[PDB]
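A.B. asks: Please find one structure pasted underneath; my questions will follow.
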Amino acid sequence: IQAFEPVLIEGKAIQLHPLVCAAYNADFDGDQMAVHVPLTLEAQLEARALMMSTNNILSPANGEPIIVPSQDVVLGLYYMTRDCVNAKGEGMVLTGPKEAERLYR
Amino acid sequence: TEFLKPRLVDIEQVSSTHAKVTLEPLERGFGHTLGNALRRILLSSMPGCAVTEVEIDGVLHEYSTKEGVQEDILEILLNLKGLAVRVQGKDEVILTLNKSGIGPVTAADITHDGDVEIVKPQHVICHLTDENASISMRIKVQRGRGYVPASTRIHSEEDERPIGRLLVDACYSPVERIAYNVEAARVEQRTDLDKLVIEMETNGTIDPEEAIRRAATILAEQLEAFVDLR
Amino acid sequence: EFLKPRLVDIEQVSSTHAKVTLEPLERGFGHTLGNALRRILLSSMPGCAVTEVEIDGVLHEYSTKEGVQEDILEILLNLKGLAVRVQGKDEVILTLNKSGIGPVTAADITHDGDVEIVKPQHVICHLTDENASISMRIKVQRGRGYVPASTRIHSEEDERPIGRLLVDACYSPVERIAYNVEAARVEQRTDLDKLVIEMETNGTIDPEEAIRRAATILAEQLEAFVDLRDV
Amino acid sequence: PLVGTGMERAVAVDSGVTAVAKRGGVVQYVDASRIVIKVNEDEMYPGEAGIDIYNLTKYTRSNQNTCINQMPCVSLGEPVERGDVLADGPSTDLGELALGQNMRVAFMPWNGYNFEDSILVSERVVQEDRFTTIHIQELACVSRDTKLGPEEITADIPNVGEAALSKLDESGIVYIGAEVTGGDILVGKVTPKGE
Amino acid sequence: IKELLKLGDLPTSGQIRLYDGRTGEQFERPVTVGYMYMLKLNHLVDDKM
Amino acid sequence: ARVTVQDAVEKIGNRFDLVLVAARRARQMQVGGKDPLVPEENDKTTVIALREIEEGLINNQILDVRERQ
Ligand SMILES: [Mg+2]
């Protein structure tokens, strides 16, 4: 159970942030989710302080992070960091990352 | 028929070289078409001035060492890449640097010529040590469009040049960084409309607003030939 | 100190398939203009299409006529594909009346001045009985994009006649757009490119008008950019 | 299916959803409600034979609230033999099982909109209306005999606006083809009150 | 399958190069495309919500 | 939206009576007996009270002194 700030969207499906799926053990194959509204003011304050997603990044079981990137993210990053022996722009010297982006894009 | 034209063009210019620009609301799908067109035009085709070649009085190859500069030659080339100069009338001009004594040789120490203005007088170039501190060089700056790497000129160097002719990468375009995000924005019933936030960092010379101005201007002059419904 | 693109020869291979060429394009603007045009064309071209139909002996989309083999719903599905060119008015009422055995094609529509039936051989229905007769009145509107019945249901506006049969409106004539930038040897220049945009349409919009309107829209948005208030 | 196994025709024929000819002959009359076939003289029974008529079934409610509609395949004057498939049942074409539809897929991650097993789809599929299904709900109004008196089905319904009656006939039943919405009065009934 | 693809004048490896329709730059490493037969299952969102 | 309350819990380390003092303050704010000491940016009164707590203007003792005054 976690609290989120809603953003109005079209459609009849709830949109769930990807990083938290691991925490929910949620899968997009017809799994459904329930949504409750805290009524009194103390409940609202409790939700925003104690239960909000950003406040729960470490698992209560062990200390390690729960929101680690799962599958697509890690694949993209892996592709990004691996190097190749020979390519375009071998061995030129750049003054910083900004022109690196200039060159790649 | 009747389209939806953008209003409320807000621009938050923190740190004059860094400008965030917000644009809403935009018809469906035009976010990416327009963002990408602008980005490519800004990045690839922009008239500017930049350092092209350099002659060192002391070293014949880029890996040799000059006595009394702790920084290697490559560091000097990298410092010269950052030089943002604006010349007014002449097309190609040759600046001379001659410095002695202890301390940081900065852009200000260049000989003050007529048409050329160095926007950043405090940009470090070299560090000179004690009692010898002899630095002399001739840097040629030219006008051009876009980005020109060293490799493409050095390829076509069958025209043999005297030793010391050190080629430098030409950074003509004044934009150092450009990016655009597109995000959802709804007019009270239609949700599939989008806002374009363009974050741009330039290299001092021109302020971002006017950069955008001439970018949009350029694309419009090319398009001008067909557009006639007015 | 620049170049500028001039619209050159526009080859027409078929009634639907067309090639449009732009010769003197500066380096780098090839892809920019290609993609911008592709987007505008595919997204924003205005066209006309049938919005609703009334046939006489049928209460609702799901019933069936004597002497026809298609269901009424399939008849609407056939009408959705009808390619028509309207010139002056915004809403036209076409009339189809056929009797006897035979395939009711699009050609049988009552010939009005302002409406052009692009593909007269396009079939609509098949009768199967000597005394079977079909009469119908098709209302055609102008619009852009894609509007389904269910959204327009909010604005019913006295849909009271049960004979009315609403059809989803695909207000868009262009089916496909591709572009190629290839080396344009100009007699006094080294590296120039020519853009060839080949477009496939249902044969209503002429290429020149499509390209002109697309360039117009893009130029308009750029105009919006030229001024910057900063106020 | 572009890629099948061949069993589709066996399944379609053997299920009772198709209409299959019992005595081969020639199709005399084709309509979108019935197919009438003239039997061939060879197989034609001598005494009191007549011709064969196949009445088709149009949109009815299945157990799952789906539509059960049969379409004719054949045209006027085509010869048919014993055991061929005249009319296609629900979700079958020309004798073959066609459960769904075959579309052009590309295997790639597209800005994490297909992040997990989720699927991205192009607007052309909804524009061309190829995944639109018809469903069918059944509703029942029962007028019993109470001991205070039988209830009535009349269209005279207390303190309802004529808007609600507009779509009702004089007998009190909606007109076939009328468009209704949630909360609209399907049929009018009054419970009698006594004492 | 390879033979049938060749007879149609398509890449024998069954993957083609694709251009991103939104931005226009080419994708590195061509991708697998082709037609697959898909079904819409009875789990329809309007009943679940 | 105020995505983290870490500084408010650093003000009162119990992390529970934080919720109580913030609820009392936000309840004095909603039923309009009091006024916010911070310029609101279209936040609701809960996030306003947390924003006030993190800036050090309000705690339990300030509530008690102001109430008796
Ligand atoms: Mg699941």
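Just remember, in the structure tokens the first chain shown is A, the second B, etc., residues are 1-based per chain, and ligands are 1-based in the order shown.
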Please, which residues have at least one atom within 12 Å of an atom of ligand 1, using only C-alpha atoms and all ligand atoms, listed as a VMD selection string?
C.D. replies: (chain A and resid 21 24 to 33) or (chain D and resid 116 to 118)
A.B. asks: Compile the contact shell of stretch 182-186 of chain B as a ChimeraX atom specification: residues with an atom at most 8 Å away, counting only C-alpha atoms, same-chain residues fewer than 5 positions apart removed.
C.D. replies: /B:24-25,31-32,191-197
A.B. asks: Env of stretch 30-39 of chain E: 8 Å cut, atoms = only C-alpha atoms, seq-sep filter 4 positions within chain, self excluded. Answer as a PyMOL selection string.
C.D. replies: (chain D and resi 1-3+99-108) or (chain E and resi 14-18)
A.B. asks: Write out as a PyMOL selection string all residues of chain E that DSSP puts in alpha helix (DSSP H) for this structure's backbone.
C.D. replies: chain E and resi 2-7+45-48
A.B. asks: Compile the contact shell of residue B:6 as a PDB file with N, CA, C and O atoms, in the first residue's frame: residues with an atom at most 9 Å away, counting only C-alpha atoms, same-chain residues fewer than 2 positions apart removed.
C.D. replies:
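The resulting selection.pdb:
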ATOM      1  N   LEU B   4      -4.768  25.846 -33.906  1.00  0.00           N
ATOM      2  CA  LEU B   4      -4.567  26.369 -32.563  1.00  0.00           C
ATOM      3  C   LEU B   4      -3.147  26.912 -32.474  1.00  0.00           C
ATOM      4  O   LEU B   4      -2.181  26.157 -32.626  1.00  0.00           O
ATOM      5  N   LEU B   8       1.496  32.562 -24.535  1.00  0.00           N
ATOM      6  CA  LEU B   8       2.172  32.473 -23.238  1.00  0.00           C
ATOM      7  C   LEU B   8       3.563  31.841 -23.387  1.00  0.00           C
ATOM      8  O   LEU B   8       3.854  30.750 -22.901  1.00  0.00           O
ATOM      9  N   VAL B   9       4.431  32.586 -24.067  1.00  0.00           N
ATOM     10  CA  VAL B   9       5.790  32.128 -24.356  1.00  0.00           C
ATOM     11  C   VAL B   9       6.649  32.664 -23.217  1.00  0.00           C
ATOM     12  O   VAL B   9       7.136  33.793 -23.253  1.00  0.00           O
ATOM     13  N   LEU B  23       6.349  26.820 -23.860  1.00  0.00           N
ATOM     14  CA  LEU B  23       5.438  27.096 -24.968  1.00  0.00           C
ATOM     15  C   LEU B  23       4.228  26.187 -24.831  1.00  0.00           C
ATOM     16  O   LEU B  23       4.369  24.963 -24.871  1.00  0.00           O
ATOM     17  N   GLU B  24       3.048  26.770 -24.674  1.00  0.00           N
ATOM     18  CA  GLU B  24       1.824  25.986 -24.625  1.00  0.00           C
ATOM     19  C   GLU B  24       0.704  26.842 -25.191  1.00  0.00           C
ATOM     20  O   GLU B  24       0.853  28.060 -25.328  1.00  0.00           O
ATOM     21  N   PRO B  25      -0.439  26.235 -25.554  1.00  0.00           N
ATOM     22  CA  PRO B  25      -0.719  24.823 -25.828  1.00  0.00           C
ATOM     23  C   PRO B  25      -0.492  24.562 -27.309  1.00  0.00           C
ATOM     24  O   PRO B  25      -0.692  25.481 -28.095  1.00  0.00           O
ATOM     25  N   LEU B  26      -0.064  23.369 -27.700  1.00  0.00           N
ATOM     26  CA  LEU B  26       0.254  23.094 -29.093  1.00  0.00           C
ATOM     27  C   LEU B  26      -0.604  21.944 -29.588  1.00  0.00           C
ATOM     28  O   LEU B  26      -0.872  20.996 -28.844  1.00  0.00           O
ATOM     29  N   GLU B  27      -1.048  22.044 -30.840  1.00  0.00           N
ATOM     30  CA  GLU B  27      -1.874  21.001 -31.430  1.00  0.00           C
ATOM     31  C   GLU B  27      -1.187  19.645 -31.332  1.00  0.00           C
ATOM     32  O   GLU B  27       0.041  19.546 -31.268  1.00  0.00           O
TER      33      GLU B  27
ATOM     34  N   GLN C 221       3.174  28.466 -37.947  1.00  0.00           N
ATOM     35  CA  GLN C 221       3.707  28.238 -36.606  1.00  0.00           C
ATOM     36  C   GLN C 221       5.049  28.944 -36.426  1.00  0.00           C
ATOM     37  O   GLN C 221       5.335  29.518 -35.361  1.00  0.00           O
ATOM     38  N   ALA C 224       4.413  32.421 -35.630  1.00  0.00           N
ATOM     39  CA  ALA C 224       4.129  32.529 -34.205  1.00  0.00           C
ATOM     40  C   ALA C 224       5.420  32.618 -33.401  1.00  0.00           C
ATOM     41  O   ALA C 224       5.492  33.341 -32.402  1.00  0.00           O
ATOM     42  N   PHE C 225       6.443  31.863 -33.806  1.00  0.00           N
ATOM     43  CA  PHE C 225       7.722  31.943 -33.093  1.00  0.00           C
ATOM     44  C   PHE C 225       8.493  33.240 -33.308  1.00  0.00           C
ATOM     45  O   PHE C 225       9.213  33.658 -32.399  1.00  0.00           O
TER      46      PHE C 225
END
A.B. asks: Identify all chain C residues at most 12 Å from chain E by counting only C-alpha atoms; ligands do not count. Present them as a list in words.
C.D. replies: residues 30, 31, 32, 33, 34, 35, 36, 37, 38, 39, 40, 42, 43, 177, 178 and 179 of chain C
A.B. asks: Up to 8 Å from chain B, what residues of chain A turn up? Count only C-alpha atoms and give them as a list in words.
C.D. replies: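 Taken together, these residues fit the definition: residues 9, 10, 93, 94, 95, 98, 99, 101 and 102 of chain A.
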A.B. asks: Could you please write out, as a list in words, every residue of stretch 80-139 of chain B that DSSP assigns to strand (DSSP E)?
C.D. replies: residues 85, 86, 87, 92, 93, 94, 95, 96, 97, 98, 99, 103, 104, 105, 106, 116, 117, 118, 124, 125, 126, 127, 128, 135, 136, 137, 138 and 139 of chain B
A.B. asks: Filtering to N, CA and C atoms, could you give me those residues as an mmCIF file, in the first residue's frame?
C.D. replies:
data_model
loop_
_atom_site.group_PDB
_atom_site.id
_atom_site.type_symbol
_atom_site.label_atom_id
_atom_site.label_comp_id
_atom_site.auth_asym_id
_atom_site.auth_seq_id
_atom_site.Cartn_x
_atom_site.Cartn_y
_atom_site.Cartn_z
ATOM 1 N N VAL B 85 34.842 34.430 -29.989
ATOM 2 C CA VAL B 85 35.259 35.708 -30.551
ATOM 3 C C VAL B 85 34.228 36.146 -31.576
ATOM 4 N N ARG B 86 33.979 37.452 -31.642
ATOM 5 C CA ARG B 86 33.092 38.017 -32.651
ATOM 6 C C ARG B 86 33.841 39.105 -33.409
ATOM 7 N N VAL B 87 34.108 38.862 -34.680
ATOM 8 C CA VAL B 87 34.723 39.842 -35.566
ATOM 9 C C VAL B 87 33.624 40.441 -36.436
ATOM 10 N N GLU B 92 38.504 36.632 -42.240
ATOM 11 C CA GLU B 92 39.456 35.733 -41.597
ATOM 12 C C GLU B 92 40.581 36.576 -41.030
ATOM 13 N N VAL B 93 40.850 36.435 -39.731
ATOM 14 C CA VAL B 93 41.856 37.290 -39.111
ATOM 15 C C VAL B 93 42.787 36.451 -38.255
ATOM 16 N N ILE B 94 44.002 36.957 -38.095
ATOM 17 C CA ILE B 94 45.089 36.237 -37.456
ATOM 18 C C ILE B 94 45.547 37.023 -36.233
ATOM 19 N N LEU B 95 45.232 36.501 -35.053
ATOM 20 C CA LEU B 95 45.606 37.105 -33.785
ATOM 21 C C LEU B 95 46.952 36.572 -33.317
ATOM 22 N N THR B 96 47.683 37.416 -32.598
ATOM 23 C CA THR B 96 48.974 37.059 -32.031
ATOM 24 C C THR B 96 48.899 37.131 -30.515
ATOM 25 N N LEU B 97 49.470 36.133 -29.850
ATOM 26 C CA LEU B 97 49.649 36.152 -28.406
ATOM 27 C C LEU B 97 51.132 36.118 -28.078
ATOM 28 N N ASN B 98 51.579 37.082 -27.274
ATOM 29 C CA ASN B 98 52.954 37.120 -26.785
ATOM 30 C C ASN B 98 52.904 37.471 -25.305
ATOM 31 N N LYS B 99 53.302 36.541 -24.439
ATOM 32 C CA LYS B 99 53.253 36.820 -23.013
ATOM 33 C C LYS B 99 54.513 36.309 -22.322
ATOM 34 N N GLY B 103 52.223 33.438 -14.050
ATOM 35 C CA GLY B 103 50.793 33.516 -13.884
ATOM 36 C C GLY B 103 49.966 32.900 -14.988
ATOM 37 N N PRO B 104 48.661 33.143 -14.932
ATOM 38 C CA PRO B 104 47.763 32.596 -15.950
ATOM 39 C C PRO B 104 47.629 33.522 -17.147
ATOM 40 N N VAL B 105 48.107 33.064 -18.299
ATOM 41 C CA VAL B 105 47.882 33.742 -19.568
ATOM 42 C C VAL B 105 46.417 33.547 -19.933
ATOM 43 N N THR B 106 45.663 34.637 -19.928
ATOM 44 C CA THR B 106 44.233 34.640 -20.170
ATOM 45 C C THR B 106 43.939 35.310 -21.503
ATOM 46 N N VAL B 116 37.767 42.510 -33.868
ATOM 47 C CA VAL B 116 37.532 41.299 -33.092
ATOM 48 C C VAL B 116 37.294 41.687 -31.639
ATOM 49 N N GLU B 117 36.212 41.175 -31.063
ATOM 50 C CA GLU B 117 35.916 41.340 -29.649
ATOM 51 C C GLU B 117 35.870 39.962 -29.005
ATOM 52 N N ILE B 118 36.592 39.801 -27.902
ATOM 53 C CA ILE B 118 36.582 38.573 -27.115
ATOM 54 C C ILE B 118 35.600 38.752 -25.958
ATOM 55 N N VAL B 124 40.947 31.348 -19.238
ATOM 56 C CA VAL B 124 42.338 30.936 -19.146
ATOM 57 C C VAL B 124 42.773 30.267 -20.439
ATOM 58 N N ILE B 125 44.014 30.533 -20.835
ATOM 59 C CA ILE B 125 44.642 29.901 -21.989
ATOM 60 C C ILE B 125 45.833 29.046 -21.573
ATOM 61 N N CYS B 126 46.815 29.650 -20.905
ATOM 62 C CA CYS B 126 48.053 28.968 -20.549
ATOM 63 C C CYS B 126 48.468 29.358 -19.138
ATOM 64 N N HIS B 127 49.351 28.564 -18.536
ATOM 65 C CA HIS B 127 49.997 28.932 -17.278
ATOM 66 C C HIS B 127 51.504 29.032 -17.480
ATOM 67 N N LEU B 128 52.078 30.203 -17.199
ATOM 68 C CA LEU B 128 53.510 30.412 -17.374
ATOM 69 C C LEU B 128 54.230 30.411 -16.035
ATOM 70 N N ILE B 135 55.803 32.720 -24.123
ATOM 71 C CA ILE B 135 54.727 32.126 -24.904
ATOM 72 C C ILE B 135 54.446 33.039 -26.087
ATOM 73 N N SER B 136 54.448 32.459 -27.284
ATOM 74 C CA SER B 136 54.154 33.190 -28.507
ATOM 75 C C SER B 136 53.429 32.282 -29.483
ATOM 76 N N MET B 137 52.340 32.786 -30.051
ATOM 77 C CA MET B 137 51.562 31.969 -30.967
ATOM 78 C C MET B 137 50.759 32.867 -31.891
ATOM 79 N N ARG B 138 50.363 32.292 -33.022
ATOM 80 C CA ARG B 138 49.519 32.965 -34.000
ATOM 81 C C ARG B 138 48.308 32.077 -34.281
ATOM 82 N N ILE B 139 47.130 32.563 -33.894
ATOM 83 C CA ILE B 139 45.863 31.845 -34.020
ATOM 84 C C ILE B 139 45.000 32.471 -35.110
#
A.B. asks: Distance cut-off 10 Å, counting only C-alpha atoms - which residues of chain F neighbour chain A? Return them as a list in words.
C.D. replies: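 Written out as asked, the residues are residues 1, 2, 3, 4, 5, 6, 8, 9, 15, 16, 18, 19, 20, 22, 23, 24, 26, 27, 30, 45, 46, 47, 49 and 50 of chain F.
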